[PDB]
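Chemist: Following this line is run28.txt, made up of compact mmCIF, C-alpha atoms:
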# COMPACT_ATOMS: atom_id res chain seq x y z
CA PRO L 10 0.00 0.00 0.00
CA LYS L 11 1.05 2.98 -0.40
CA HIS L 12 0.28 6.42 0.50
CA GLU L 13 1.36 9.49 -1.22
CA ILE L 14 0.79 12.93 0.13
CA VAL L 15 2.64 16.22 0.10
CA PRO L 16 2.44 17.26 3.67
CA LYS L 17 2.87 13.63 4.68
CA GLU L 18 4.99 14.78 7.53
CA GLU L 19 1.81 14.56 9.43
CA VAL L 20 -1.07 14.53 7.07
CA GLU L 21 0.16 11.15 5.98
CA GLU L 22 -0.50 9.41 9.23
CA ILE L 23 -3.71 11.28 9.88
CA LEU L 24 -5.37 10.67 6.63
CA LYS L 25 -3.91 7.18 6.56
CA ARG L 26 -4.22 6.05 10.11
CA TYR L 27 -7.91 6.61 10.09
CA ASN L 28 -7.88 3.66 7.72
CA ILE L 29 -5.55 4.47 4.87
CA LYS L 30 -8.71 5.30 3.00
CA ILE L 31 -10.55 8.47 2.39
CA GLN L 32 -12.98 7.29 0.62
CA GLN L 33 -15.32 8.96 2.42
CA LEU L 34 -14.21 11.86 1.10
CA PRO L 35 -11.12 12.56 -0.88
CA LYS L 36 -11.49 16.26 -0.22
CA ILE L 37 -10.98 18.54 2.70
CA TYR L 38 -11.15 22.25 3.36
CA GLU L 39 -8.15 24.15 4.55
CA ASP L 40 -10.26 25.66 7.21
CA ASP L 41 -10.08 22.49 9.17
CA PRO L 42 -8.60 22.96 12.55
CA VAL L 43 -6.83 19.74 11.88
CA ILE L 44 -4.87 20.58 8.92
CA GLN L 45 -4.06 23.88 10.60
CA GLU L 46 -2.37 22.11 13.33
CA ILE L 47 -0.08 20.63 10.84
CA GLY L 48 0.17 23.46 8.54
CA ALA L 49 -1.30 22.01 5.42
CA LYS L 50 -3.30 24.34 3.66
CA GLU L 51 -4.12 24.70 0.77
CA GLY L 52 -4.57 22.88 -2.14
CA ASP L 53 -2.55 19.96 -0.99
CA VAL L 54 -3.33 16.46 -2.25
CA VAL L 55 -3.03 13.20 -0.34
CA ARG L 56 -2.97 9.72 -1.82
CA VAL L 57 -3.76 6.61 0.12
CA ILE L 58 -3.73 3.11 -1.36
CA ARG L 59 -4.59 -0.07 0.49
CA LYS L 60 -4.68 -3.56 -0.55
CA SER L 61 -5.78 -6.01 0.99
CA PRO L 62 -7.07 -9.12 -0.06
CA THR L 63 -9.09 -9.27 2.33
CA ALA L 64 -10.46 -6.70 2.01
CA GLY L 65 -10.19 -5.51 -0.79
CA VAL L 66 -8.40 -3.25 -2.55
CA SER L 67 -8.77 0.26 -2.41
CA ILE L 68 -7.21 3.38 -3.68
CA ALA L 69 -8.15 6.84 -2.47
CA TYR L 70 -6.63 10.31 -2.47
CA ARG L 71 -7.58 13.35 -0.40
CA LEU L 72 -7.11 16.96 -1.47
CA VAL L 73 -7.26 19.80 1.04
CA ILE L 74 -8.45 22.95 -0.63
CA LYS L 75 -9.53 26.36 0.61
CA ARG L 76 -12.83 27.37 -0.35
CA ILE L 77 -13.78 28.69 -1.38
Would you mind writing the structure in this file as structure tokens?
Modeler:
Amino acid sequence: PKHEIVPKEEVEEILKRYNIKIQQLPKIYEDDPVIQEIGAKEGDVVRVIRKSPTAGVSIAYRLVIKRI
């Protein structure tokens, strides 16, 4: 699996620890108090791939963007 994100220094484990997925939503606003704690803002993209045979395979990618 893999995970590819820019601000992975921290956004990698957050968007990937939840479940290396994002499916729920491969998009996030830079107004999040979470990304602010890391300093990610803006238009950053995050990739998260998981494979599991067991589960399946899944590939997702988040993308923090300001909003507006």
Chemist: Using atom CA of residue 56 of chain L and atom CA of residue 39 of chain L as the two end points, give the distance in Å to one decimal.
Modeler: 16.6 Å
Chemist: Nearest to residue 70 of chain L among L:13, L:41, L:46, L:19, with distances taken over all atoms listed in the file: which residue is it?
Modeler: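 When distances to residue 70 of chain L are compared using all atoms listed in the file, the smallest one comes from L:13.
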Chemist: Of the candidates L:33, L:53, L:75, L:65, which one gets nearest to residue 21 of chain L if we count all atoms listed in the file?
Modeler: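 Of all the options, L:53 lies closest to residue 21 of chain L.
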Chemist: What's around residue 17 of chain L at 12 Å? Count only C-alpha atoms, leave out sequence neighbours fewer than 6 positions away in its own chain, and write the answer as a PyMOL selection string.
Modeler: chain L and resi 11+23-26+44+47-49+53-57+71
Chemist: For residue 67 of chain L, list every protein, DNA or RNA residue within 6 Å, evaluated using all atoms listed in the file, and leave out those in the same chain fewer than 4 positions away; present the list as a list in words.
Modeler: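 What passes the distance filter is residues 58, 59 and 60 of chain L.
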Chemist: Box along x, y and z, 8 Å on every side, all listed atoms of segment 27-39 of chain L inside: centre and edge lengths in Å to one decimal, as AutoDock Vina command-line options.
Modeler:
--center_x -10.4 --center_y 13.9 --center_z 4.6 --size_x 25.8 --size_y 36.5 --size_z 27.0
Chemist: In Å, how far is it from atom CA of residue 18 of chain L to atom CA of residue 40 of chain L?
Modeler: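 That distance, rounded to one decimal, is 18.7 Å.
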Chemist: Using only C-alpha atoms, which of the listed residues (L:69, L:30, L:20, L:14) sits closest to residue 43 of chain L?
Modeler: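 Going through L:69, L:30, L:20, L:14 one by one, the smallest distance to residue 43 of chain L is for L:20.
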Chemist: Separation of atom CA of residue 50 of chain L and atom CA of residue 66 of chain L, in Å?
Modeler: 28.7 Å
Chemist: Which residue out of L:22, L:77, L:15, L:72 has the minimum interatomic distance to residue 34 of chain L when all atoms listed in the file are used?
Modeler: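 Distance minimum relative to residue 34 of chain L lands on L:72.
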Chemist: Go through L:37, L:64, L:12, L:31 one by one, measure the shortest atom-to-atom distance of each to residue 52 of chain L using all atoms listed in the file, and give the residue with the smallest value.
Modeler: L:37
